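Accompanying notes for the structure given below.
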Protein chains: 2
Amino acid sequence: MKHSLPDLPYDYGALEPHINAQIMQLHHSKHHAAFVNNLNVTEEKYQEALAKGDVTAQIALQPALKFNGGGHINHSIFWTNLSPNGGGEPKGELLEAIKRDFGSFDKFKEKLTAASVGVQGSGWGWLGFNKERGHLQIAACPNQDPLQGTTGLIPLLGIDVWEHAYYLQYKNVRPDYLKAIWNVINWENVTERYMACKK
Amino acid sequence: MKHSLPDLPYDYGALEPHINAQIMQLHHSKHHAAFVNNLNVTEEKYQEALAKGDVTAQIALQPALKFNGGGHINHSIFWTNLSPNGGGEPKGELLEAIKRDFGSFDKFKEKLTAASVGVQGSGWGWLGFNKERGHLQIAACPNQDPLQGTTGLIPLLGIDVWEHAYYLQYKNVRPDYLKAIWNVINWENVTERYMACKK
Ligand SMILES: [Mn+2]
Ligand SMILES: [Mn+2]
């Protein structure tokens with residue numbers, strides 16, 4: 001099957017001034033690319049280990065698969081969660097669910113901002129949908145550990161709090177990056193992911 | 001290639017009074033049996049997930065693969081690490097290496113006992129060989145995480161401090177179990193594993 005780097009849905013500068021073109025080009029063409037090439041190499045090594053029944057090799061390969069595999073899963077979602085036409089607030093059933101589960105859109109923003117700022121080290125913040133409980137849920141993931149693979153929650157909106165996503169523009173001030181990114185959230189995509197969870 | 005439950009190399013009662021027949025039969029015919037079978041189920045799933053390129057499914061299967069795969073790796077070694085012909089002290093180059101790297105055989109016993117008592121929760125203690133440094137090394141692993149797959153060290157002697165290995169006989173007093181097991185260590189097997197590392 002072989003994983004492939006998806007095209008970005010917009011120009012590298014489409015999210016200016018909130019995320020500059022240099023970050024988008026680096027974050028997409030270098031970081032994400034590395035997560036795909038090394039993921040493909042690791043998957044191929046696993047195929048060899050499985051055919052030989054080498055369980056030691058399978059277990060030794062798990063960290064590279066989760067790190068590079070999670071990186072591929074996460075970034076692919078992140079690009080679609082943003083848009084030059086984004087920002088503002090969602091509408092319809094998604095906004096109703098946000099108000100029901102978090103009180104209000106503003107309170108939801110505070111909680112997701114807090115979870116994203118609260119990641120110590122590298123990782124991600126996610127708004128997800130809990131299919132079994134039938135409601136929204138916020139979770140944090142370290143490094144590149146993907147939400148669904150490690151928690152079962154279906155990802156709706158991810159924020160890449162890695163330093164390579166903002167450090168060139170905002171330096172150490174991650175909160176300024178988190179505030180700015182709300183202006184480019186593609187709520188149309190987040191809604192599609194939400195409606196896909198429900199029948 | 002399908003993994004198979006190995007026969008025990010001795011009678012269930014061959015290690016009495018140090019480890020009773022009820023433990024050997026349970027620890028082998030129930031616990032290990034579950035690991036091997038569940039490992040095969042997980043491998044078949046992971047093969048299916050790998051062929052589809054489903055990285056989320058692969059990552060969700062990692063805990064079962066490490067737990068059951070490690071269980072198969074560890075226990076298969078553990079049975080060979082014990083023998084009715086065991087006990088006493090090793091000889092030859094392995095004894096020389098123990099004295100060189102740990103000071104004395106008694107000092108090695110103290111270090112491995114300390115590592116085994118020090119496991120908080122379920123896990124194992126291992127004497128291994130570091131191929132890159134060319135010397136022995138003691139390490140502890142949680143749950144069923146295997147030594148080589150998680151550390152690169154080649155396993156020589158493993159001690160199962162899991163509560164299901166001694167609780168029927170020694171209850172909470174793990175040190176009594178650790179004291180007894182030294183009488184049945186198959187140093188011939190440990191020597192073979194050590195000599196297999198050197199060429
Ligand atoms: Mn990233
Ligand atoms: Mn056991």
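For the structure tokens, the naming scheme is as follows: chains receive sequential letters (A, B, ...) according to their order of presentation, residues are indexed from 1 within each chain, and ligands are indexed from 1 in presentation order.
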Contacts between chain B and chain A, please, where a residue of chain A counts if it comes within 12 Å (with only C-alpha atoms); show its shortest atom pair and distance in Å to one decimal, rows by chain and ascending number, as a tab-separated table.
```
residue	atom	partner	partner_atom	distance
A:1	CA	B:53	CA	6.3
A:2	CA	B:53	CA	7.2
A:3	CA	B:53	CA	7.7
A:4	CA	B:53	CA	11.2
A:36	CA	B:55	CA	11.5
A:39	CA	B:55	CA	9.4
A:40	CA	B:53	CA	9.7
A:42	CA	B:50	CA	11.0
A:43	CA	B:50	CA	7.3
A:44	CA	B:50	CA	9.2
A:45	CA	B:50	CA	11.2
A:46	CA	B:50	CA	8.5
A:47	CA	B:47	CA	7.6
A:48	CA	B:47	CA	10.8
A:49	CA	B:43	CA	10.5
A:50	CA	B:43	CA	7.3
A:51	CA	B:1	CA	7.1
A:52	CA	B:1	CA	6.9
A:53	CA	B:1	CA	6.4
A:54	CA	B:69	CA	9.7
A:55	CA	B:69	CA	6.1
A:56	CA	B:149	CA	4.6
A:57	CA	B:149	CA	6.4
A:58	CA	B:149	CA	7.9
A:59	CA	B:149	CA	5.5
A:60	CA	B:149	CA	4.6
A:61	CA	B:149	CA	8.4
A:62	CA	B:62	CA	7.0
A:63	CA	B:150	CA	9.6
A:64	CA	B:59	CA	10.8
A:65	CA	B:59	CA	7.6
A:66	CA	B:59	CA	6.2
A:67	CA	B:59	CA	10.0
A:68	CA	B:55	CA	9.9
A:69	CA	B:55	CA	6.2
A:70	CA	B:55	CA	7.9
A:71	CA	B:55	CA	10.7
A:72	CA	B:55	CA	9.1
A:73	CA	B:55	CA	8.0
A:74	CA	B:56	CA	10.8
A:144	CA	B:59	CA	11.6
A:145	CA	B:59	CA	8.9
A:146	CA	B:56	CA	7.7
A:147	CA	B:56	CA	9.0
A:148	CA	B:56	CA	6.9
A:149	CA	B:56	CA	4.7
A:150	CA	B:60	CA	6.2
A:151	CA	B:60	CA	8.7
A:152	CA	B:60	CA	8.6
A:153	CA	B:56	CA	11.4
A:154	CA	B:56	CA	10.9
A:155	CA	B:56	CA	11.7
```
Enumerate residues in contact with ligand 1: an atom-to-atom distance of at most 12 Å, counting only C-alpha atoms and all ligand atoms. Format the result as a PyMOL selection string.
chain A and resi 23-35+67-68+70-79+122-125+143-145+158-167
Taking 5 positions as the minimum chain separation for residues in the same chain, which residues sit within 10 Å of residue A:16 when counting only C-alpha atoms? Answer as a PyMOL selection string.
chain A and resi 21+24+84+184
Please, which residues of chain A, numbered as in this document, come out strand (DSSP E) from DSSP, as a PyMOL selection string?
chain A and resi 123-130+135-142+154-160
Which residues in chain B does DSSP call helix (DSSP H, G or I)? List them as a PyMOL selection string.
chain B and resi 21-52+55-81+92-102+105-117+147-151+163-165+167-170+174-184+187-197
For residue A:20, find every residue with an atom within 9 Å (counting only C-alpha atoms), except residues of its own chain fewer than 6 positions away, and show them as a count of residues only.
6
